[PDB]
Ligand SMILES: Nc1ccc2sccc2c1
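The chain that follows stands alone, in the form solved without this ligand, written as structure tokens.
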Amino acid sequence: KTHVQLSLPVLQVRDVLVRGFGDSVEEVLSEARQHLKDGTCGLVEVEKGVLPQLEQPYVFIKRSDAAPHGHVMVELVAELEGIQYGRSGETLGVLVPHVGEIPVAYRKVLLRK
């Protein structure tokens, strides 16, 4: 399928144990997609002081359209030293590995896979 319904656990930035997916734009997009498939991907909502507490390159989910069955359609954009790889709508959050942190909420998304 081109799209897959996911419910992403929303984590508080200070709980996050693994603060990014890797060391290149290509690796973080790769790892993010693998974790999203495996159900091991969390979401941190971007506010003041969040991103400096996470590791670059960043992987964002961005709104790709205006929401089947409550799932906002999203796609991945990476960022490294202020350059983004991909073009999409508004950021819903930054993706991180999920390794058992307790979420505060779930974000239903339809991921362009």
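Counting begins at 1, following the sequence as shown.
For the step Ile83 to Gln84, what size class fits the number of deposited residues with no coordinates, none, 1 to 3, 4 to 9, or 10 or more?
Missing in between: none.
Once you work out the mean C-alpha B-factor for both 33 to 41 and 67 to 75 from the entry, which is higher?
67 to 75 has the higher mean C-alpha B-factor.
According to the PDB entry, is the CA B factor of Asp15 in the bottom, middle or top third of its chain, that is, lowest, middle or highest?
For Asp15, whose C-alpha B-factor we compare with every modelled residue in the chain, the answer is the lowest third.
How does the C-alpha B factor of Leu54 compare with the rest of the chain: lowest, middle or highest third?
Middle third, going by the recorded CA B-factors of the chain.
State the tercile, meaning the lowest, middle or highest third, of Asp23 with respect to the CA B-factors recorded for its chain.
It falls in the middle third of the chain.
Grab the CA temperature factor for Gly89 from the record and place it in the lowest, middle or highest third of its chain.
As the PDB entry reports it, the C-alpha B-factor of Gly89 lands in the highest third of its chain.
The next section is about a form of this same protein that is not shown, the form deposited with this ligand bound.
Answer with open or blocked: the shown chain lacks the ligand, so superimpose this ligand from its arrangement in the entry with it bound and check for 3 or more ligand atoms within 2.4 Å of backbone or C-beta atoms.
If you fit this ligand onto this chain using the C-alphas around its site, the pocket comes out open.
Which of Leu36, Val77, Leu54, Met73 has a heavy atom within 4.5 Å of this ligand in the entry with it bound?
By the 4.5 Å criterion, the partner-contacting residue is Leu36.
Contact between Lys113 and this ligand in the entry with it bound at 4.5 Å, heavy atoms?
Yes, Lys113 lies within 4.5 Å of this ligand in the entry with it bound.
Who in 1 to 29 is close to this ligand in the entry with it bound, meaning a heavy atom within 4.5 Å?
Stretch hits, in order: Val4, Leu6.
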